[PDB]
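K.L.:
Sending over a structure as structure tokens; questions will come in a sec.
Cβ atoms come from the backbone with ideal geometry, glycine included; neighbour counts cover every protein chain shown. Laboratory data are not the source of any read-out in this text; all were calculated from the coordinates shown.
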Amino acid sequence: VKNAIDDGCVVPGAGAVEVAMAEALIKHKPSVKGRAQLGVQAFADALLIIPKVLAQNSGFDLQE
Amino acid sequence: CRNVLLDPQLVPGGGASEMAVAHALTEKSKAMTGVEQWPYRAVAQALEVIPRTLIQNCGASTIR
């Protein structure tokens, strides 16, 4: 709650933020080169762990 | 054709049928009480393993 005082802005979570950010990367090259692109796929799928796994603990299939 | 010709009555099952009996027995075990209820409840459940596996191919948490 110290952070809430620090920043002005608080987002809704539960892996909401993370799917949104991953979606933005997959679609276009952020720098427009192929060299960048090979790490960029890697970066986007790494994020998806946080939401999908809340589903996993509970007992709800991750792809769905 | 030999099935229909024997009995015009037939189940609208589809794995619905194994399931139908499985739940039927669970209801009766509770009502009757008596020394019979524990072995009768055991067989009730055996029948239910089978339609559950059909849902395994489809996805998600089968038991839900």
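K.L.:
Any idea which of (1) touching a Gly at 6+ places or on another chain (Cβ under 6 Å); (2) more than 14 Å from every other protein chain (Cβ to nearest Cβ) is the one A:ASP61 doesn't satisfy?
P.N.:
(2)
K.L.:
Can I ask one more? For a quick check of your reading of the model, give me the residue pairs whose first member lies in region A:1-24 and is surrounded by fewer than 10 Cβ atoms within 10 Å (Cβ to Cβ), whose second is not in a helix (DSSP H, G or I), with beta-carbon atoms closer than 6 Å and at least 6 apart or on different chains.
P.N.:
Listed by first residue and then by second, the contacts come to A:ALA4/A:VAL10.
K.L.:
Kindly evaluate A:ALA55 against the criterion of being in a helix (DSSP H, G or I), surrounded by 11 or more Cβ atoms within 10 Å (Cβ to Cβ) and within 14 Å of another protein chain (Cβ to nearest Cβ).
P.N.:
Yes.
K.L.:
Take the residues in region B:20-64 that are touching an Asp or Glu at 6+ places or on another chain (Cβ under 7 Å) and away from every other protein chain (no Cβ under 14 Å), then tell me which one is surrounded by the fewest Cβ atoms within 10 Å (Cβ to Cβ).
P.N.:
Among those residues, the one meeting the criterion is B:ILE50.
Residues are listed down the side, and each one gets a yes or a no for (1) outside any loop (DSSP other than H, G, I, E, B); (2) in contact with a helix residue (DSSP H, G or I) (Cβ under 8 Å, 6 or more places away or on another chain); (3) within 14 Å of chain B (Cβ to nearest Cβ):
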| site | (1), (2), (3) |
| --- | --- |
| A:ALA14 | no, yes, no |
| A:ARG35 | yes, no, no |
| A:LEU38 | yes, no, no |
| A:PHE43 | yes, yes, no |
